[PDB]
Amino acid sequence: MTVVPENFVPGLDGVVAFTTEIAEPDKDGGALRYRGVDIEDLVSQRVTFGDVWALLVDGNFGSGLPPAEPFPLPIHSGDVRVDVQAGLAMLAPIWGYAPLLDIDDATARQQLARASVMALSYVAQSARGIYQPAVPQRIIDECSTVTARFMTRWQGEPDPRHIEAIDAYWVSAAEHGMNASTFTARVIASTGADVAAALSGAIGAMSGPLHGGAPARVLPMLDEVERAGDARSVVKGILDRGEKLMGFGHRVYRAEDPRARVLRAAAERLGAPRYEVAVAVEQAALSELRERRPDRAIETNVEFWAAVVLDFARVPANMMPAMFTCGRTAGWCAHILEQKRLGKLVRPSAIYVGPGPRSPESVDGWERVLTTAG
Amino acid sequence: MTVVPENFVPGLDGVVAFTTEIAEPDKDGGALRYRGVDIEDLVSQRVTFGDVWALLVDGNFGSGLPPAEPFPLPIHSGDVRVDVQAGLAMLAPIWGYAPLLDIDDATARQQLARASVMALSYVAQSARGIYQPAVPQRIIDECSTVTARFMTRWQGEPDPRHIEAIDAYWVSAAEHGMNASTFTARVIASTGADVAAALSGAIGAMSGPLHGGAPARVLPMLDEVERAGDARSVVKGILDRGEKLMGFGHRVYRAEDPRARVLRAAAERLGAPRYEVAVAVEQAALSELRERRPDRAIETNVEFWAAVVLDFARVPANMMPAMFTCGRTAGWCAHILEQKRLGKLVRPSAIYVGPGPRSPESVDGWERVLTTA
């Protein structure tokens, strides 16, 4: 802890923290796989989110996410993320969740599933809000998928097409390697904390606007083209004005992000009213950015089609981050269980480059210490 | 993303994630410094926690931690750690904390101080518990330090010697480099999240029993030595029954942990009644452990003397993890602010070693999946 190694770079970019068996974002190959299964196969075969949760967590099919038990959300803070972050942490004492260090794998797995679906129930309740009555459990119980139950608990009578849109979205968002919120879940798990503490901390990481991957603020642009009608000219004006085009930029996969293709497809198939305009904005935005920057590689961000699909499902813009979080719980749970089996505390190091030894009296403000105390 | 490097070890041991100006845990010198200032100087000169907080966060003593505003804890979960984890996250919407990305350094610093002392207040209220009336603010307002306000909000009429014990402990526990909870705080902070989300998540990591530093479950042993009168025979009994001897193990520093030294001296200076039995256990434990593992480096854990100091201050055993959290809010806050200035998202890589491409129907259990068409 003294000298900065030769062009050391802050952060952990490219530092391998783990091996994982859970999922492979194959950027070079243009494909995203969950336990070896392409998400395009999962989504096109209409595998529901609860079953994809189990594939990711267990490595095989057959023990899908159970329905949430009745539990009125105790937290009403004005922010769905806070409600779920606080509410999840509070499950440990009332449900008796011991630290991960103290339980076997099967128990941790059951506790993950029970807590994970309660995260969805809490989001639905928070979004529905306190200024109207809860949806009765018996109406939710008429549903046959976790995704249908979530939409019913939130909206009461959801359009089945909107349930399908959320299913496609959540599966496409379920897992994506070693990002900050997945990493936060694994660090908290690695202390042997209970699984609710790890999920609650991951929600905190996920809430940061630099976490990346939350749906795109593209709806105002899609409204402009709906009134103006000239997708190309609106794109040209968005760029000429100095503004940046939302939902487009550098390539993430080799070409098309496969999650963007899956969601564009979902929007087409389900007859989302904004589809035709969005397809026009996409073709306009890529041909425009590529013509303006011919040596740069430009593709559609999944966050663009995520906004179209979520918006179709009547998700308000202020709620789209929570919807991302709902899907990502599958990957968090898978990584928490894998971290438990790893059994290795995550505890990096630092190099000290601050002041050397000195007296307290030599520190600025010391007179104020003696004046306050005196 | 698929070839394992020849230097790969699980985790991040020895991987330098950051440079820091905040503090230097000097393992080979057996000394701990906060912004260059030795904790032994800070404790022996009775620098109060609230001033050490400013030292760590700001690099100077200009502006001490302010007192907490009145705010009855809204969470009563039966677990003090959960009350504060949840309660801290909830501060951002009621107080209007914007994400770290959206505010300047001075505003984040103000937000850290306000939430940090609220964490202390929440722990005091949660520990005091729901079967007692809150202590009036007018009584707490008569105290002159944050540490005294905390002990008063919790206990009503704290013994001033117990207040000094807490100030010594909290200063000794304020900061210790890149531990899992400070690391968690920095990671969450690196996403641009609000400081309350970062503090809340760090409390999550702190609560894990493998984080380290939570005071040692040594009170049963100290009771038995007080009952039986012979420390060595009790220690031999524990190891002969195959149980773990709490409070002793691998060296953290080269030899003695300087925080263990500071807390042992605090307990002696303040006349903690359990002092002498605790010293006798330390001698007997290190002697028996070094006899049995003669080439293993074995030192007293700081947690051993932490337990003695906190118990002297009438902290119940189930409140001791939260008291560690209270002191460590200083280092968390200092590191969140340093992370903010760095402006760098913390995310590492992983190597995939799972199954290759395969169809859904080739996965065990596919016949149990229901799909609509």
Within the stretch B:269-323, residues in a loop (DSSP other than H, G, I, E, B) and under 26 Å from the mean Cα position of the chain (by Cα) come out as B:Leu270, B:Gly271, B:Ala272, B:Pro273, B:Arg274, B:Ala297, B:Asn301, B:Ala313, B:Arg314, B:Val315, B:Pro316
If we take the stretch A:130-247, then helices (runs of 4 or more DSSP H) inside it with 2 or more residues that are of a type in the set (A, V, I, L, M) and within 14 Å of another protein chain (Cβ to nearest Cβ) are A:146-155, A:160-173, A:180-190, A:195-206
(message) Scan the stretch B:311-326 and tell me whether some residue there is in contact (Cβ under 8 Å) with a residue 60 or more places away in the chain, farther than 23 Å from B:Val84 by Cα and not small (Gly, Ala, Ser).
(response) yes
Of the residues in the stretch A:82-134, those that are crowded, with 20+ Cβ neighbours inside 10 Å, over 15 Å from A:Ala198 (Cβ atoms) and not small (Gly, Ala, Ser) come to A:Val82, A:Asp83, A:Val117, A:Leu120, A:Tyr122, A:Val123, A:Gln125
Looking across the stretch B:1-16 at residues that are more than 8 Å from chain A (Cβ to nearest Cβ) and more than 34 Å from the chain's Cα centre (by Cα), the single one that is surrounded by the most Cβ atoms within 10 Å (Cβ to Cβ) is B:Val3
For the structure I just gave you, tell me whether B:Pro321 is within 14 Å of another protein chain (Cβ to nearest Cβ), out of contact with any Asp or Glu (no Cβ under 6 Å at 6 or more places or on another chain) and buried (at least 23 other Cβ atoms within 10 Å of the Cβ). no
Restricted to the stretch A:51-65 and to residues being touching a helix residue (DSSP H, G or I) at 6+ places or on another chain (Cβ under 7 Å) and within 10 Å of another protein chain (Cβ to nearest Cβ), the residue surrounded by the most Cβ atoms within 10 Å (Cβ to Cβ) is A:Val52
Within the stretch B:249-283, the residues that are farther than 18 Å from B:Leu310 by Cα and among the aromatic types (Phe, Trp, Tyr) are B:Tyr253
From the option list B:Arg261, B:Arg328, single residue qualifying as under 23 Å from B:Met151 (Cβ atoms) and either outside the structural domain of B:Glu157 (by CATH) or crowded, with 21+ Cβ neighbours inside 10 Å (or both) is B:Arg328
A:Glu6 fails exactly one of (1) farther than 27 Å from A:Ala297 by Cα; (2) touching a residue at least 12 places away in the same chain (Cβ under 8 Å); (3) in a loop (DSSP other than H, G, I, E, B), namely (2)
When the stretch A:327-374 is checked residue by residue, the ones that are in contact (Cβ under 8 Å) with a residue 40 or more places away in the chain, within 9 Å of another protein chain (Cβ to nearest Cβ) and among the aromatic types (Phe, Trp, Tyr) are A:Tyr352
Picked from the stretch A:158-207 (must be of a type in the set (S, T, N, Q) and touching a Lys or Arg at 6+ places or on another chain (Cβ under 8 Å)), the residue surrounded by the fewest Cβ atoms within 10 Å (Cβ to Cβ) is A:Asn179
Only one of (1) within 7 Å of chain A (Cβ to nearest Cβ); (2) touching a helix residue (DSSP H, G or I) at 6+ places or on another chain (Cβ under 8 Å) does not apply to B:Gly30, and that is (1)
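Virtual Cβ from ideal backbone geometry, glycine too; neighbours counted across all protein chains shown. Numbers and lists here come from the model and the stated rules, or from a named source; none is laboratory data.
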